[PDB]
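Chemist: Here it is: the structure, laid out below.
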């Protein structure tokens, strides 16, 4: 049910992140590294929510509303925000690890100067991971393989998987589990578990199915039906709704954000 | 004991402090209005400073 | 006990190189910017190098741009200047200067004793005319050097640094900028002006008041120093 | 002669209270209906003076409004150019628990006082480059609460040992001493002529003093809890007392009685500082309600808030010209609030 | 304007120095002592304002505050310690046999501390000061001299389980303020390394709160 | 079947 599902997942998802940005910028300035570190992925999600109607056009049977927009740089810009947001999320995980596990030397990287240089690094690496897509952006819209000949499309996505999940969301965003190792009012253990397990579980439950199915698509492109057009749409819907779960989770679980929300 | 001296100290204030005119609040208000008109024109917190290069309001 | 002494130089072969060094003591030089003022014999002064408070904005003069290099050793409280491929025009006496830059500070207040260097043989300038008007110590003399542009900025600070190169030693800061007096100067040396006009109003003269005066410009990037003057005894 | 002196003292109180009632026909709030209210005073944070990394306990302005000195719990007495948000100096403090700072009328000297009970005085315009301490002022057995310079060589200090004292920094010994209080003295305010000053104590008593002798010129009561802020009127014959009972009270030297009260039903927060504008028409007071509620002094009606702080507005004071008000609060920042045209 | 550029550069240098000082300032703890004159906190520091005892135990400098000599109204200057890692309170365990009042001012002040608007999160540490003398006092005399409703049992464990619990019942914010407890044993390490552990724990909790976990 | 569609 794309006509309703896309609207439902793109209205609340795009509104919650904007509200989170507004509160985190106005109610609580919080120059703290962590505030702009989470604002980075909040803005990433805000500008990445626009891909939902673009992919829903596939089920809407309108390949482009204008004609050059959908294939020239849509996969080169909206898709770049995926790597941007994953990089910002692992940046937040590293920030938390440095703030809690080891402020032994927190004046070298935890300063606000580095908090924006790391964000700029994340943006430029996301652009570089999406620049080949723009260079090969010419199809009927997905075009990473049509433009080259042999297997560059498969090479792209393998690199995309290895750079989007293997490094940042498997062993780098797993630093949340390592944060509690020795520091986990004994109820504080469960109180912080209800925030350290849920984020990793959401990232590994709503976002993995997209990469797992397409790598299967790489293996075998199964025949289609309303089952395929509906459930492969649900898979990308879950991948998009991870970006809706992240802002609300971050803005509600944090006690400072709870005070910031109540400000 | 010391109370006496302190009583004298108590009077030290009451005595002279009241010995003087002890003018009424009548006058108290006067400056509130004269000095207001005196330094309110110079009260930029009140009369916003629109100086082309206001020290702070630019 | 503020002490500025510099050494290095005195005789340069043509096409050669020389090294300069200025030693600072008696003050927090590490928070002080420093200038560099040359002085050709029987002539005026000339700025040659500059580094801001904390080695921030290193500057050089066009005449020695590239040839010279200036560096400060803040922990060692000493200055380093290297002059390479010296030309015949580099026959002059140097003068180490200090400068602190803050709201209402005292820039170019203390001058070094001086080190002379001898070699065998588009910006604003100021008018150090009126070469000599000698006067008896019982009178007053007003000096001035003219600038084309209006000195006052939106901040209102006009930089026409006044000095008096008394014979035998360095000039003494009479009025830093053009409005505020200096530390150690008497009440006789004064100054006033309006935009482009100026008047180094001096009340009385005595034996120490002899010497050639000079003016500096700090508004633009280059510190065009003052042309030679006479003591006008 | 306990009761014998008590009867005479009660007669004295009766006489002085009857004199106050005869002179004070009615509260000044009723008689001020002639003057127009200032209205909602919108003060934009024209300059936000960021750079201070703890609760701002006392901010003071030199006689030129350009410079200010802000003291905080971080032990950083920092001279600031409020014109360009520039740090002219950053003086380290011997005691980081400063609750009061002072800019000398000459401008050459700055002092800070607090828990250590010594009002160290710093040399700003030295021959050398740095800013050095001139002389500390030991002799207070309480906790120092408010230094205010009288001249370059006279520092007034009110402490927590229920006494206050005048000092001569040439020698380092108190010329006079002012012991008339029962609780810790919190806020001492020096007059424009500095010939008299008022210090407020925890016993809800504010006592005027004479600088030259050391005898309590007057005493004031009316508050129900500890007084936390006093600052003289520009006219020099008044002050206001913001106490932890969530009100502020205006007094008079020639009337010797309380005049106005600065409280409202919806505010139950105690005042942490008080200041006046150039005309005295605005009595800006920093409540612990997280908002430096600008209280119209002549009207005793809240005619403005400068709520811009995440924490309690600890200290604030207008400049010499009053062009700025720096409500540096317990939030790390200071904000220069100026009326935007 | 060149002078203004140099002034701005000097201010940026002062900002660089201010941040380098403020990182250390935020790294420094603010362990505040409190109690009465007869508490005996001198013993704690054995191994005319604050005697700000700056020491270092585990490469983390601790600024203890021997502010017990203030002799002023703490209600008017305790708001200066709102931001601290912990507050050390040496209990008046002299209630076993010594009167003057058998250390009921301890409870009278502890209730004010707990209910103070500024000590909601400040994890106050409770130290059984004069524990060695109090053990002999409770072994030689009962505890119901000034605690009629208590049990006592003339044992060291029950003396703690009664006296400490009397103030810990006054402790109301059991969720926000994590009060520690360490019987003051006159030893070389266990008197201050426990304080080090407690301040590390409270710093960890504050860091988790700040980071948002 | 590739990027975001099939």
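Chemist: With springs only between Cα atoms under 10 Å, which of D:193, D:203, D:168 fluctuates most in a Gaussian network model of chain D?
Modeler: Looking only at D:193, D:203, D:168, the largest GNM fluctuation is found for D:193.
Chemist: Just the projected area, averaged over all directions, of the convex hull on the alpha carbon atoms of the range C:3-117: how many nm²?
Modeler: Working: hull surface 28.0 nm².
Projected over every direction and averaged, the Cα hull of the range C:3-117 covers 7.0 nm².
Chemist: May I have the convex hull volume per residue, in Å³, for the Cα set of the protein assembly as shown?
Modeler: In the protein assembly as shown, the Cα convex hull volume per residue is 258 Å³.
Chemist: Quick check for you: which residues of the range C:198-233 have the amide N under 18 Å from the point 7 Å beyond the Cα of residue E:8 toward its beta carbon?
Modeler: C:218-222
Chemist: Take chain D, connect every pair of alpha-carbon atoms lying under 10 Å apart with a spring to form a Gaussian network, then pick out the residue of D:111, D:58, D:165 with the largest mean-square fluctuation.
Modeler: Among D:111, D:58, D:165, the largest GNM mean-square fluctuation belongs to D:165.
Chemist: In whole angstrom, note down how far apart the Cα centers of the range A:196-210 and the range A:1-55 are.
Modeler: 17
Chemist: OK, next. Round to a whole angstrom and tell me the spacing of the C-alpha centers of the range D:1-68 and the range C:85-134.
Modeler: 58
Chemist: Write down the Å³ per residue value for the convex hull defined by the alpha carbon atoms of chain D. Kindly include the intermediate steps, with their values, before the conclusion.
Modeler: Values: hull volume 44.6 nm³, N = 341.
Per-residue hull volume (Cα only) is 131 Å³.
Chemist: Let me ask another. Rounded to the nearest 0.05, what FRET efficiency do residue D:173 and residue D:63 give with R0 = 25 Å and r taken as the Cβ-Cβ distance? Could you check?
Modeler: After rounding, the FRET efficiency stands at 0.40.
Chemist: Taking a quarter of the surface of the convex hull around the Cα atoms of the range D:224-341, what do you get in nm²?
Modeler: With every direction weighted equally, the projected area is 7.2 nm².
Chemist: Considering chain A, what Rg and Dmax in Å follow from its alpha-carbon atoms?
Modeler: Radius of gyration, then largest Cα-Cα span, for chain A: 19.3, 62 Å.
Chemist: Round to a whole angstrom and tell me the spacing of the C-alpha centers of the range E:2-72 and the range D:216-267.
Modeler: 34
Chemist: Given a Förster radius of 22 Å and the C-beta distance between residue A:7 and residue A:69 as r, what FRET efficiency does 1/(1 + (r/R0)^6) yield to the nearest 0.05?
Modeler: On the way: r = 20 Å, r/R0 = 0.92.
Approximately 0.65, to the nearest 0.05.
Chemist: Round to the nearest 0.05 the FRET efficiency obtained for residue A:177 and residue A:202 when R0 = 22 Å and r is the Cβ-Cβ distance.
Modeler: On the way: r = 14 Å, r/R0 = 0.64.
It comes to 0.95.
Chemist: I want to check the label-to-label distance for residue A:158 and residue C:183. Put each point 7 Å from Cα in the C-beta direction and report it in nm to one decimal.
Modeler: Each label point lies 7 Å from its Cα, and together they span 7.2 nm.
Chemist: Once you have all Cα-Cα distances for the range E:134-213, histogram them in 10 Å bins from zero and send the whole-percent values.
Modeler: 15, 33, 31, 16, 5, 0
Chemist: Would you compute, from DSSP H runs of 4+ residues alone, the mean residue ellipticity of chain A at 222 nm, taking -39500 (n - 2.57) per run and dividing by the full residue count, rounded to the nearest 500?
Modeler: Result for chain A, helices only: -23000 deg cm²/dmol.
Chemist: Which residue fluctuates the most in chain D, going by a Gaussian network model with Cα springs under 10 Å, if the choices are D:179, D:162, D:272?
Modeler: D:179
Chemist: Starting from the Cα of residue E:58, step 7 Å toward the Cβ, then list every residue of the range A:74-116 with an amide N under 19 Å from that point.
Modeler: A:98-106
Chemist: Return the calculated 222 nm mean residue ellipticity for chain B, to the nearest 500 deg cm²/dmol, obtained by summing -39500 (n - 2.57) across DSSP H runs with n ≥ 4 and dividing by the residue count.
Modeler: Calculated at 222 nm, the ellipticity per residue is -19000 deg cm²/dmol.
Chemist: Show that you can apply the helix-only estimate: for chain E, add -39,500 (n - 2.57) for every DSSP H stretch of four or more residues, divide by all residues, and state [θ] at 222 nm to the nearest 500. Before the final figure, lay out each step's value.
Modeler: Details: 6 runs with 86 residues, N = 213.
So the helix-based figure for chain E works out to -13000 deg cm²/dmol.
Chemist: Any idea what % of Cα-Cα pairs in the range A:51-122 are farther than 21 Å?
Modeler: Numbers: 1215 of 2556 pairs.
I get 48 percent for the Cα pairs in the range A:51-122 exceeding 21 Å.
Chemist: Could you tell me what % of all Cα pairs in chain C have separations over 25 Å? Numbers along the way, then the final one.
Modeler: Numbers: 10587 of 27028 pairs.
Roughly 39 percent, once rounded to a whole number.
Chemist: Quick one: length gained pulling residue A:186 to residue A:216 fully straight, 0.36 nm per residue minus the C-alpha distance? All intermediate terms of the calculation are to be shown ahead of the outcome.
Modeler: Details: separation 30, 0.36 × 30 = 10.80 nm, distance 4.46 nm.
Between residue A:186 and residue A:216, full extension yields 6.3 nm more.
Chemist: Shifting gears a bit: State the extension gain, in nm to one decimal, for the chain segment bounded by residue D:5 and residue D:48, taking 0.36 nm per residue of separation less the distance between their alpha-carbons. Spell out each step's value before the answer.
Modeler: Numbers: separation 43, 0.36 × 43 = 15.48 nm, distance 5.76 nm.
Once the chain is fully extended between residue D:5 and residue D:48, it gains 9.7 nm.
Chemist: So what's Rg/Rh here for the range D:156-286, counting alpha carbon atoms and using the Kirkwood radius for Rh?
Modeler: Reported Rg/Rh (Cα atoms, Kirkwood Rh): 0.97.
Chemist: Same structure again: Calculate, in nm to one decimal, what residue C:63 and residue C:88 gain on full extension: separation in residues at 0.36 nm each, minus their alpha carbon distance. If you can, show how the numbers build up before the last one.
Modeler: Working: separation 25, 0.36 × 25 = 9.00 nm, distance 1.22 nm.
That works out to 7.8 nm of additional length.
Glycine gets a Cβ as well: all are built from the backbone with ideal geometry, and neighbour counts include every protein chain shown. Every number here is computed from the coordinates shown, using simple stated rules; none is lab data.
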